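What follows is one structure encoded as structure tokens, with my remarks underneath.
Just so it is clear: chains get the letters A, B, ... in the order the sequence lines come, proteins before strands, and each one is counted from 1.
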Amino acid sequence: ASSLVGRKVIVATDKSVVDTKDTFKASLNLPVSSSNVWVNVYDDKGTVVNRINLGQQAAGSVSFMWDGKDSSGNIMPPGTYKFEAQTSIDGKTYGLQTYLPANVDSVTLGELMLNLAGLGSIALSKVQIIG
Amino acid sequence: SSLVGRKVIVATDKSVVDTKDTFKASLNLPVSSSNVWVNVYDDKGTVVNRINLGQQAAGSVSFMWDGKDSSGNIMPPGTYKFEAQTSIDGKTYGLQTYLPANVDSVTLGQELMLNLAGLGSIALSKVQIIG
């Protein structure tokens, strides 16, 4: 007799609660290959924190990491951060979907949903086939 | 380079099935349950089969369909619907299925989308971190 409560799942979202004591690891999907892909990192009020340039990447999934520091190398306090992945294809900028870890706080409500730390209630259609 | 022609995993309830091959996919189950199932229907909503999965733990549950109706007759290749559900304390709840689809082309919204075989234009928030 079990649930997801306490487990980490992977969610199609641009926010995640980060414990900056540990490396943060996640991915994005890139539908066309590109010479220039990146993730801007913001704090929970929209202020830029850092920029992760991923350089050239092939179509498919791309993994990335954030060490929890701002672009000045100072450790950021644990909390909710925003990850905006994008790419430049033929001189135009496109958004990419990120897949980010979240803890399940509880299960709630025909319709079941996950209550995800920092996200509120999320539908299962956003959650990755659970590991 | 393209993505075109690859197979991705989509939070959807429909998939183009080639019934000459076994069909394999997953659902997410948020709370463990003694009774989990997948109803299968043709593209007109006519019921084809019932895949009973019995008791399952919270997490990912994999399932397969051999392409046959409940009388053992091979169904024709085509779009099929997979409705995963469970029973929990006497109440029935839908579950999210994650099904394979072929990438026909890559296109714009909307603002990058996948045109998936049998599904149309689908947002990357519905697509599994691509293998």
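Within residues 51-65 of chain A, the residues having any heavy atom closer than 4.5 Å to a heavy atom of chain B are A/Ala59, A/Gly60, A/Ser61, listed by residue number. When the heavy atoms of residues 4-23 of chain A are compared with those of chain B, the residues falling under 4.5 Å are A/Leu4, A/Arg7, A/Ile10, A/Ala12, listed by number.
Under a hydrophobic-cluster definition in which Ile, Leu, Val, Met, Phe, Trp and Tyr are linked whenever side-chain heavy atoms come within less than 4.5 Å, directly or via other members, A/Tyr42 and A/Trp66 are assigned to different clusters. Tracing side-chain contacts under 4.5 Å through hydrophobic residues (I, L, V, M, F, W, Y), one reaches B/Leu99 starting from B/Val36; they form part of the same cluster.
In this structure, B/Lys126 and A/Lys126 have side chains that are in contact, with non-hydrogen atoms separated by less than 4.5 Å.
Of all the listed residues (A/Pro31, A/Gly131, A/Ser27, A/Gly95), the one sharing the greatest number of non-hydrogen pairs under 4.5 Å with chain B is A/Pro31. Most heavy-atom pairs under 4.5 Å with chain A, from the set B/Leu27, B/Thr97, B/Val31, B/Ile88: that is B/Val31.
Using a distance-only test at 3.5 Å, with no hydrogens or angles considered, a donor-acceptor pair links the side chain of B/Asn28 to the main chain of A/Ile130. A side-chain donor-acceptor contact under 3.5 Å links B/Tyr98 to the backbone of A/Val127. The main-chain N or O of A/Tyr94 is never found under 3.5 Å from a side-chain atom of B/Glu111 such that the two would form a donor-acceptor pair.
From A/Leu96, atom CG reaches atom CG of B/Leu112 across 7.0 Å, with rounding to the nearest 0.5 Å.
Residues B/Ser125 and A/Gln97 approach most closely at CB-OE1, 3.6 Å, considering heavy atoms.
Looking at B/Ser1, the atoms closer than 4.5 Å to chain A (heavy atoms on both sides) sit in the backbone and in the side chain alike. Residue contact with chain A, scored on non-hydrogen atoms closer than 4.5 Å, involves the side chain of B/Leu114 exclusively. Both the backbone and the side chain of A/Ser2 come within less than 4.5 Å of a heavy atom in chain B. Proximity to chain B (any heavy atom under 4.5 Å) is restricted, for A/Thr93, to the backbone atoms N, CA, C and O.
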